[PDB]
Amino acid sequence: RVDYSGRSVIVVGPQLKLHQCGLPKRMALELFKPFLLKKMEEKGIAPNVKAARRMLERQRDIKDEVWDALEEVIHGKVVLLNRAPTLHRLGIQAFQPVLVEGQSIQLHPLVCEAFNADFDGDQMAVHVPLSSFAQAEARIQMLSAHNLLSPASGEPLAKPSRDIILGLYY
Amino acid sequence: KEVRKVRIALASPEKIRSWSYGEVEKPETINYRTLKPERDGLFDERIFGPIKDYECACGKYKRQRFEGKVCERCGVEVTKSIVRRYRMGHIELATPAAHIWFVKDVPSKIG
Amino acid sequence: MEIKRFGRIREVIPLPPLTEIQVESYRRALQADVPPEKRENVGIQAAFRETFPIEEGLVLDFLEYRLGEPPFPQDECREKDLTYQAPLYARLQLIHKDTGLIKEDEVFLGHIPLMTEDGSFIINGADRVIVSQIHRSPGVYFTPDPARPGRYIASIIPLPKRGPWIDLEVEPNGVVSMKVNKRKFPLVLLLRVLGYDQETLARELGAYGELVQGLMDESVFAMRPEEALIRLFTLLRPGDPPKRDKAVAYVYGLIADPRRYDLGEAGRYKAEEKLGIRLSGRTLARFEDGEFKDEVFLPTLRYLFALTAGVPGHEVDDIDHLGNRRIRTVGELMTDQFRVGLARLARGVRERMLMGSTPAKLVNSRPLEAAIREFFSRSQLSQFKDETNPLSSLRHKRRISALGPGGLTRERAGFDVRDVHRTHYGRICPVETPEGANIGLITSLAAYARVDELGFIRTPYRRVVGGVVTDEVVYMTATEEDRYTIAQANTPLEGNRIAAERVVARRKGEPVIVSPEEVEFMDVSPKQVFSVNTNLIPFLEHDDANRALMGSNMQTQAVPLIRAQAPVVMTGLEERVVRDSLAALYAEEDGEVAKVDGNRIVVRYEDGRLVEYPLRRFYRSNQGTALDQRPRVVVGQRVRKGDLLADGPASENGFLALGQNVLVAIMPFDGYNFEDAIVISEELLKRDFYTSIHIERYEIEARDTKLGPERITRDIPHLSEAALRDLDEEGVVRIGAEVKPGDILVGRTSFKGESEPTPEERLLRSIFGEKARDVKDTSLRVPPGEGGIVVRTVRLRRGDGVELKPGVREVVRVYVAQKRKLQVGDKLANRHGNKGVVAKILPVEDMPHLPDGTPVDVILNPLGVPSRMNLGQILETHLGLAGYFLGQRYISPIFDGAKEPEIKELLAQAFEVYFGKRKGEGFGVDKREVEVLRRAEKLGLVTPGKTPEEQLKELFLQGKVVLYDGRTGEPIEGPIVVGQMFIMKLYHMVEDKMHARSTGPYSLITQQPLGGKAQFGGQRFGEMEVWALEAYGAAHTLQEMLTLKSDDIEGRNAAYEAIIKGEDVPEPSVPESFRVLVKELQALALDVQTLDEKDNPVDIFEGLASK
Amino acid sequence: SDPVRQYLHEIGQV
Amino acid sequence: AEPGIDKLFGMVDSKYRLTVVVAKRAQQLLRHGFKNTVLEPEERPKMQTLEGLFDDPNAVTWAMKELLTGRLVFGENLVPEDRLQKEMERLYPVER
Amino acid sequence: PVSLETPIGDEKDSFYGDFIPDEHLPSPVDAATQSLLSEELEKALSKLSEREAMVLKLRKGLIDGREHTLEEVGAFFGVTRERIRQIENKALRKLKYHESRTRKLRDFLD
Amino acid sequence: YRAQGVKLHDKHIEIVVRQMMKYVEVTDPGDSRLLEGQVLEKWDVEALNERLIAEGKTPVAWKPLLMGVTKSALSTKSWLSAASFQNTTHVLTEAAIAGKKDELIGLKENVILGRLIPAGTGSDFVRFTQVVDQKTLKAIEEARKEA
Amino acid sequence: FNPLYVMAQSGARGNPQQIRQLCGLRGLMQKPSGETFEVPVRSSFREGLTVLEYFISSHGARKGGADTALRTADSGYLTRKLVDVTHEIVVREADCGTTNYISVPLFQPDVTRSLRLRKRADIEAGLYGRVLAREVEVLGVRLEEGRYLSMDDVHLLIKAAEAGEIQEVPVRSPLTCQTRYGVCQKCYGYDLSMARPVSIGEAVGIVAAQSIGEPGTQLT
DNA sequence: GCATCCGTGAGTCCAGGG
DNA sequence: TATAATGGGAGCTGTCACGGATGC
Ligand SMILES: [Mg+2]
Ligand SMILES: [Mg+2]
Ligand SMILES: [Mg+2]
Ligand SMILES: [Zn+2]
Ligand SMILES: [Zn+2]
């Protein structure tokens, strides 16, 4: 078991770009908390780290410019999404999170086949790569949009399906 | 240095005694009134180390200035309590006993 | 509104009492209503009769038992976490054999849990169900040897834990072996011990050729029964002294002691029927006049030889036939644990009979009480009651497990036990079973099925005499069913005469076309093939079984809604389900309503008596869904017996109301209903459709410490007045306050553990000159993601009819209610197995809409139908469209329901209502409707040349309409299926599942993050997640997962500090769990050494473990 | 195999 | 996709080498507060707050965009590690 | 006592011990708070002279873990116990004045 | 796989099958310390046979062996990997008697120790790579050129 | 343009047996022993089954559910075993220097009447991305030693085989690689993820194990 | 040596626990 | 610390492949 990690129900996000996922604001606040504390000190939102932490502790204490601070915290960063059972490496993929209202993770349609995910109640885990190195590995090697062909067969694995095919065919 | 290999071997009685910081002589654990560890039993700070960082069992020494000092009144080294994860003890058997792994894992290595 | 119903099968009998399998079984076990002297020797009475008398001298004997009244009623037991139970007394008498002295007393034995009216139990406050178990029946079986094709194994099987399994076999050397407790010895020996001579064995067995020769051993016949008996005791107990009375005692306890061997009544009956013999009792032999007398062994051998040779009338047994598998109900399961507790009690009695100088003095009840408690709390058939909705509870009471004590072990259960056997028909539902690894091992009783007194499942059939169907119905076991030709329930009848030349029937499961003359019985109803849940799926005949299974199972998980509705298409079972599950109050007799309240209804009955009915209001179920009853009558109303007085949860005017009827369009929608996701309208939230009430319970204790007492108080150090704003004088949050994550529900202070402050703290104190307080804040706070309105507090403090476990001074419990609106990530489903998570909530102006301006409610994707093959949901929608415009509902019974032509008639009427309204209001056909008719003509859906109206009507009779896109005003380019569908909101709410962690508690031994939302846990990055990272070559990401993020202590501390300082994370070091592994190997006498490249030790313990 | 069977035997020796 | 990812993969003999170069460079920029950047002011990656456009805080984004200019040098055994650290401290002092 | 390896539920999935948090070792949050505290105390102490900072450190035990008596700090600085008490008090007076000015140590007080 | 319409490249199966043929059995020890019937790695007996041929000695005669995937995993050289797989006590018993040194060659062994795996960015082929900007490099070259 | 037809034809949803069960007939069904029952369900799901037809359907639906259930654990177990034999195999160097190779055949024996061309997919799975171990000259095209076979190169070799110019293709393979503890870049070939030579450092054994185990649940 | 008769450890992921 | 007391109870059930160990 591991820190900086969460899970939730997944939901389709049609508007996402292939390299993006939808991450609920509250999850992102907890997943990124030390970064957010720092960034809050770096602005006037709290004198120091510990004041900021007490502020985020109570939900009715949470201000508005903290959501803006969070958005600066996640800029260009990726999270890892995982759906168990993790049968091949594409059971884990890196995504740039887009913050959303709501409590569901928003997953891009074209990665569902590789995750073997659909939307009849599946849940997924999310994880934060911390260091510059882990973050670099995740953005170069594990990004959804850099993993398009199957390593088993060489054939496309991110590819049109269901409605996408249906409309294009029509 | 840097770890490059990991060896595993039989431990001799003498090797085992070198690991041990004390023989556990009593089947006691903690005192039923004070909830503190009984002397010479399975939780004894005298053997396995202090429960509180840099503080003997009775209280005579309570700061990091004493370090490695073994208190005379209670016998407890003054170091970090984390050492209660690392310090072995031993039981000196009155008669030798076979290690069942070398008996029942067939074919028996002893046999 | 009007209910129109379809179908031509008239059910001769109603469904039986749907919980009788629970209620009657337990009533049989307790015999509480029966005067003691009239009791049968069954149930706990039979337990007593097996235990007593207790001999050796002294004797302690049983006269009778008695069950008193429960000390606390059911609600009080739920409130105070008590067990609802009755005190058990036994009248016992101690006789000293030589003195003749007799002492008699009624001794108190503890308490026995009582079954509530609905068939469940209240164990320590929580409702529980004892789930019935299925097992192989006791008896005598004959089975093919899987090794030797022409040989057979005979198996004698008693009741579970009531004797050993005995096998007889014909060995390749020809001698007939007996195996018991894994001991292969020649059966001839035991036959001799029984008193059989070679003369009797020759004359009784010689018919079967050479087989009897492998039984003839002269060295055995040359010994009298005593010498054979001692010989058997030696080859059964190596090293045990072959004492004569000890050998008698052992073999008697193995084969003849009724207190140790028991075939049961079922094993008795089946052994008798199979072997064609009569049994005196229920054991394999008796001890009569100083010698053993055979009952079963010779008949079994007779049969085994006859089967081996080939003589007619001898067949192998199908062990999965439901004549050979029986149900252990709660009464029997409990009686068995009661019998074990009583055996331990008797051992204690004999113990005190040795050491001592009264019945009470001799009897220590504790073991008995321990066994019952152990049964009702930690058994695998004792299950937390599912009462998500009332159907959930009803269904739970009718479940059947092949697991549990004395049953199968999953991961081992093969394909045979999980199959639907032909004999399941009318007995065990063929669709309702789990989808995971338990598939086929947990099942549901069929709607009309009944467990008979021996435990076999019976189903009802109507008698047919010369083509006439009578009203005699006969409940049969599968053995009896196999005798007859049984016609299908849809056989056409003119009055009572079979009006057909060719009749579909079954003979031993086999479908067969038969004349009326040949028909002996006829099914009562299609209903009898399926579980209650499966009987609630309209148009089941059009749904592939795999998705019908899902619709079945998901009705269990429907949440009760504040505006719940019954379906517009019902099967006709909805009222009976509400009734049998006690999901409503009904009038006890004819009468008149005197008083009506949110809280209570007072009715004046014909007797003149004034009966008052309190209504349960916003009570908390086991699952947190809301149990409340709402009155459905008014003052002065005249009620007949059985009329509805109040609706419970998921009840609408007495009909099962598991969700809402919503207006549905079947079309893709911009990716938002991709791969089973669902799009809904904001209108649904606006009118509180799919809104549910949920109640959470929080609990806090204040205990005595060695450091001073915990106190429940408002005076909490360092908190503002804002933090205490809604805390009462005593420090408990007030009723009606809104609590959010972080807010205090119960203030509590605890004395601090003796700590010398770190020098930094000493200096900071001096700088501010403030004494550190002596207690710290240990209050109960609302956890992350929870909250609502406080609706109850309970306060139990010691010194107040209140006594708590040792050392706790007070317990406080706070009840918090939330109204849950449908939101993105919540799960919806229909009864045909269509299920999906809400992905998008659109404002009303974005919804597809009808020409008259009516927007639809939910948008389901057509890609969910073809590969699922569950077309019932399409017919439901078609009929829903009709009902929408006619203001009517339908009952369409399964396999006997609405057909396409009748649905088309109704759609023609509904069209006239939907379109003639327009033609009257002064409007013609729209230009966009003309464009869609042009496309429809090209699709083949409408006849070219007809007028706009006639073509629109053709579409409508196909259940399709012109639909406008709310974003554009342009029509969808083809007509779309639209109609009413019944959709439920399931108890899988994202509000409960979303969870994240940065840091938090770690485990004691491993120093790894704890698991579980309540522990503020971390996610498991298991073996396979690691493989994925390895396969990407993401080496540093993985090293973080294994060190800085889990159990690298300095690493995790330093990474947190570096991040909050804006630095980069430091390099990891050794994980603690590897240190733990090294120490655990050192305890195994293994020296595990980390070396460097020069083979020199490296200390991973930094000197802290080297002297 | 069974240590108390073994011990009862050893005792039945004397 | 990361901007220019196909060219970045074109620059190395092993994809894992690009990730090592990118990560070490990102660490170097963070250590020296971005004063050692090879980007020209108009090439600096930006992030749009509410106040206005500012420097992108993400050093991996910077490092990739620098790699794409040809102005970095990568390979094995270019310089002893301590000499490199000390010269970068000299040219671009670390905050205290 | 009850066993740490008591099964929770039907499977061999989980044990009672799985749910018991380590209350002894400092959390990453607590460790970081202690570290920010030490650093802020050193920052505020550098605003005093070497002697008043050092006297405060010896008297509070921030150096060798123990708090020396006024007689020992005095014998160390070569000065009366009364003198060392007076320079401790002016050191505290200076710390309080600065802390009221910048409010840089307040939040550590809980 | 073809029967189910699954396209799977052969070389993945070949990797596994290569691990199933890892071991050989001695038929004649030659001039070696080995025993007849002893099972060892094909790589190791070939290294030994070339050491003996270079030394003018008689080489060890050996036959090829086929192991199932489970047995091949349990027979691997690294005792950390085999003991994490299955038959833990048997593996640990034989490794303890032999005093085995695990050289940390594979992935499991390094994962258990929390080490950086020898794959991907942890490969020795790439992890020592350096980066330096043109200015800093030129300045270091001036520094060198002075001495 | 019928909905069911367009979904099946386009590959969006549905196969011909499911469509047939919707519009044609449910068909033959198996007994609990697995033998097929003599009389088929003659109605489609649109027409609706009878009680008895539905009951007999149960046996096969339950067998297939129990199949699916047991096979997901068997598959995961297999994957774990495969990961344990292969985990140490990594691309460790550019070229081990072996001269050994394997020959992938383009033909297979029939009725044993003659040889016939193997199916296209089977040839692709055997040749795509592989490094040629020997010069090949077909249809006047030189495929040089050391070349990574692109998919176009594979199709070229299939054409040459149809024209008679080649029967087997010599190819570097993990079977013949001499890298200790792993594989080299030449002998492994292309990272099918990227359609180009594999990078040194790729955990090629894990990828093999996952490639083999992940479709295990589809094997019936 | 050649079979048979044994022990033994194994069985996807998550969640919560009553 | 003294009458005399002298060999125990519990089982327990629908798996499977495989390496090693006993009978032929
Ligand atoms: Mg799913
Ligand atoms: Mg399930
Ligand atoms: Mg389960
Ligand atoms: Zn001491
Ligand atoms: Zn090679």
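Only heavy atoms go into these numbers, but all of them, side chains included; no hydrogens, no water, no symmetry mates. Chain letters run A, B, ... following the sequence lines, proteins first and then strands; every chain starts at 1.
Rounded to a whole Å, the CZ atom of C:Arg339 is 16 Å from the P atom of J:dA10. Rounded to a whole Å, the CD atom of C:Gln380 is 18 Å from the P atom of I:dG17. G:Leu66 places its CG atom 13 Å from the P atom of J:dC18, with the value rounded to the nearest Å. The separation between H:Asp67 atom CG and I:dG11 atom P is 21 Å, rounded to whole Å. Nucleotide J:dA21 holds its P atom 11 Å from the CG atom of B:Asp105, rounded to whole Å. Between A:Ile10 atom CD1 and I:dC13 atom P there is a gap of 19 Å when expressed in whole angstrom units. Here J:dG11 presents its P atom at 17 Å from CG of C:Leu159, a figure rounded to the nearest Å. In this structure, C:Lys179 places its NZ atom 21 Å from P of J:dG11, rounding to the nearest Å.
Distances shorter than 4.0 Å separate none of the side-chain N or O atoms of C:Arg410 from OP1 or OP2 on J:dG14.
A cation-pi arrangement is found for C:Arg136 relative to C:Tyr141, the charged atom lying closer than 6.0 Å to the ring centre and inside a 45° cone about the ring normal. Remark: C:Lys1013 fails to qualify as a cation-pi partner of C:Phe1016 under the 6.0 Å distance and 45° angle criteria applied to the six-membered ring.
Using a 4.0 Å cut-off between a side-chain N of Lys or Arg and a carboxylate O of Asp or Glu, C:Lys827 and C:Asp992 do not qualify as a salt bridge. C:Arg339 and C:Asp336 are joined by a salt bridge, as a carboxylate oxygen and a charged side-chain nitrogen come within less than 4.0 angstrom of each other.
When heavy atoms are screened at a 4.0 angstrom cut-off, C:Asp320 is found touching base atoms of the nucleic acid. Contacts of C:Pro160 with the nucleic acid, taken as non-hydrogen atoms under 4.0 Å apart, are absent. Using a 4.0 Å heavy-atom criterion, one finds that C:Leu408 contacts the bases of the nucleic acid, with or without backbone contacts as well. C:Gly163 comes within 4.0 angstrom of a base, heavy atoms only. Within the 4.0 angstrom heavy-atom criterion, base atoms lie near C:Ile319. Nucleic acid contact class of F:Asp13 (heavy atoms, under 4.0 Å, all strands): base. Among the atoms of the strands shown, none is found under 4.0 Å from any heavy atom of C:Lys993. Within 4.0 Å (heavy atoms only), C:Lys385 reaches no atom of the nucleic acid at all. Nucleic acid contact for D:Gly12: base, since at least one base atom lies under 4.0 Å from a heavy atom of the residue. Using a 4.0 Å heavy-atom criterion, one finds that B:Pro107 contacts the sugar-phosphate atoms exclusively. Looking at heavy-atom distances under 4.0 Å, C:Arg1020 makes contact with sugar-phosphate atoms alone, never a base. Residue contacts for H:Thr72: at a heavy-atom cut-off of 4.0 Å it reaches a base atom on one of the strands shown. Here C:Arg183 lies out of heavy-atom contact (under 4.0 Å) with every strand. Across all strands, H:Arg71 comes closer than 4.0 Å to no nucleic acid atom at all (heavy-atom distances).
Nearest nucleotide to the A:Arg1 side chain, out of J:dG7, I:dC13, I:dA15: I:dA15. Of the candidates I:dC13, J:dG7, J:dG19, the closest approach to any side-chain atom of A:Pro85 belongs to I:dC13. Closest to the C:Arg347 side chain, of the nucleotides I:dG18, I:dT12, J:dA10, is J:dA10. Each of J:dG7, J:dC12, J:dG9 was ranked by its minimum atom distance to the side chain of C:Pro241; first place goes to J:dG7. Distances were taken from every side-chain heavy atom of C:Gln1019 (C-beta onward) to each of I:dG11, I:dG9, I:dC14; the shortest belongs to I:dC14. Looking at the side chain of C:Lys1013, the nearest of the listed nucleotides J:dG20, J:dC12, I:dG16 is I:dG16.
A donor-acceptor pair is defined here as one N or O able to donate and one able to accept, closer than 3.5 Å; no such pair exists between the side chain of C:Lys385 and the backbone of C:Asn622.
Nucleotide J:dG11 shows a negative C1'-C2'-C3'-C4' value and thus a south, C2'-endo-like sugar. South is the pucker class for the sugar of J:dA10, given a negative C1'-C2'-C3'-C4' value. For I:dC6, the ring torsion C1'-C2'-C3'-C4' comes out positive, which puts the sugar in the north group.
Across the interface with DNA chain I, nearest-nucleotide mapping of B:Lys104 and C:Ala126 shows B:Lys104 to be the residue nearer the 5′ end. Remark on DNA chain J: of its neighbouring residues C:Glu411 and C:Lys182, the 5'-side contact belongs to C:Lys182, judged by nearest-heavy-atom nucleotide. Each of B:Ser108 and D:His9 was matched to the nucleotide of DNA chain J holding its nearest heavy atom; the match closer to the 5' end belongs to D:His9. The residue among C:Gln1015 and G:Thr89 whose nearest nucleotide of DNA chain I is located toward the 5' end is G:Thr89.
Of the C1' atoms belonging to I:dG11 and J:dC16, the separation is 10 Å, rounded to the nearest Å.
Side-chain N/O atoms of C:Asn622 and base N/O atoms of I:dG18 include no donor-acceptor pair closer than 3.5 Å. A donor N or O paired with an acceptor N or O is found under 3.5 Å between the base of J:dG14 and the side-chain atoms of C:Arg325. A donor N or O paired with an acceptor N or O is found under 3.5 Å between the base of I:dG17 and the side-chain atoms of F:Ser14. Evaluation of atom-type donor-acceptor distances gives a pair under 3.5 Å for the side chain of D:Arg5 against the base of J:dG8. Interface remark: the C:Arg412 side chain does not form any donor-acceptor pair with the J:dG14 base, using a distance-only criterion of under 3.5 Å. One cannot find a donor-acceptor pair under 3.5 Å joining the base of J:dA10 and the side-chain atoms of C:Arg162. For D:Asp2 and J:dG8, a side-chain-to-base donor-acceptor distance below 3.5 Å is present, hydrogens and geometry of angles not being considered. One cannot find a donor-acceptor pair under 3.5 Å joining the base of I:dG17 and the side-chain atoms of C:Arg128. On a pure distance criterion of 3.5 Å, a polar donor-acceptor pair joins the side chain of C:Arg260 and the base of J:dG11.
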> Passes side-chain hydrogen bond (donor to acceptor under 3.5 Å, both in side chains), C:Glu1025 versus A:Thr86? Steps please.
Replying inline: CA-CA 6 Å; C:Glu1025 290 64 48; A:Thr86 305; 2.6 Å; yes
>> Determine whether C:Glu50 and C:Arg162 satisfy the following criterion, salt bridge (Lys or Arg N to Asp or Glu O under 4.0 Å), listing intermediate values before the conclusion.
In response: CA-CA 12 Å; C:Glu50 300 167 36; C:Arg162 306 257 75 214; 3.2 Å; yes
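The minimum heavy-atom distance between C:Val837 and A:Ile10, with the atom names listed, is CG1-O, 3.8 Å.
In this structure, C:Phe121 has its ring center at least 6.0 angstrom away from the ring center of C:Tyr84.
In this strand, J:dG7 does not stack on its neighbour J:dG8 by the test of ring centres under 5.5 angstrom and planes under 30 degrees.
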